[PDB]
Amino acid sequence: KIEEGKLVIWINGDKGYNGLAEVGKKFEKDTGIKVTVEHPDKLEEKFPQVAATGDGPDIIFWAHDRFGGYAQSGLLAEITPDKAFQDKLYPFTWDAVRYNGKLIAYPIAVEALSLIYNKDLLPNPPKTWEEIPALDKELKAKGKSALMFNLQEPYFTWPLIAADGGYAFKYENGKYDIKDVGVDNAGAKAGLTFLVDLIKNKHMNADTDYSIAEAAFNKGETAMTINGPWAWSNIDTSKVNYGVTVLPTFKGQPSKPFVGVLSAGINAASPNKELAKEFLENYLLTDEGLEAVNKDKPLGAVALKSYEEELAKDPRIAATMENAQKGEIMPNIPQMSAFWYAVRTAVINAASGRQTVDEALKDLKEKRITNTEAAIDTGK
């Protein structure tokens, strides 16, 4: 059971959890309540099974896409901020994190992937994916690579896949249709085919993960990488001279990155619901609170209007918001969990040569997605 008179927060390791501890200590200073920030492995998978026990954290921090699934399972406490508080944050930020015509979590900040490039050895970055192969050959002669990024997570390869009209679930107007899937259309296949072509011709390695790709760019071994605002902190200290720019276009069409919204939800089992609300509204979601977190590891464009006006001057955040405009907001429906688990396998198998592109994306749409939806509905 969860301890009453205490707050336990979970947040992913790539975020600024040490900054969240500072606001935690300032909270303990004022209220006498010990805040314990944690960042366990696979917390998005760990939360639901533990929340249904047994119970885990009081607050859970993750992008909005998974929260609608949590809310369906009755895991999240219903929040009630008044309109005075809602006006402090951006309206479209509240729209993401709204499920079933109801608010389920406090949104913190919005985040979208951008092309991060080393401007000392690549002063003129490529505007197209199509230019990268030839650029890689020029750099390989110098003993370096053109592009490296996490291929093990489909969040990073989605931008290219969606560039020519690849989508997850087709909307109508303020709705989504789970029967209508866009992961096996001309645009999705073309996007993935070009990516696997980069692998086939040794311009990028299929086993490249987050850690390896980050190491490569920050050590100065690759010219470009694709990542969000959270990664900027480590590049600053690495002293690599870099810039943040619009993602490469494919067939003249801009890449469409799935835009996320870091949001904090209160556990339904938590006996510290008031303290949770007290912490988030009055300590975290303030200029002072977001500074602490943002200084540790950047959040990107934040939901709080007052503080966002300050950050908007920074050209990195303009480039993040430019990539978000071209991209589109993630759905927050419960099926996004099964979607992500299914697409992940499909992309990996295609990149490893286990399946061909057409085989993987056909299997994804036809069989894999539905099997995954059945897996989580029953016990697994």
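For every residue, the number given is its place in the sequence shown, counted from 1.
- For the two regions 79 to 87 and 226 to 234, the entry's Cα B-factors average higher over 79 to 87.
- In this entry, 166 to 174 shows the higher mean Cα temperature factor of the pair 166 to 174 and 144 to 152.
- Within the group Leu192, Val181, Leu113, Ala264, the record's highest C-alpha temperature factor is found at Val181.
- Among all modelled residues in this chain, the alpha-carbon of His39 has a temperature factor (C-alpha) in the middle third.
- Per-chain ranking of the deposited C-alpha B factor places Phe47 in the highest third.
- Compared with the other modelled residues of the chain, the Cα B-factor recorded for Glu130 ranks in the lowest third.
- In the PDB entry, a CA B factor belonging to the middle third of its chain's modelled residues is recorded for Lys273.
- When the modelled residues of the chain are ordered by C-alpha B-factor, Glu366 sits in the highest third.
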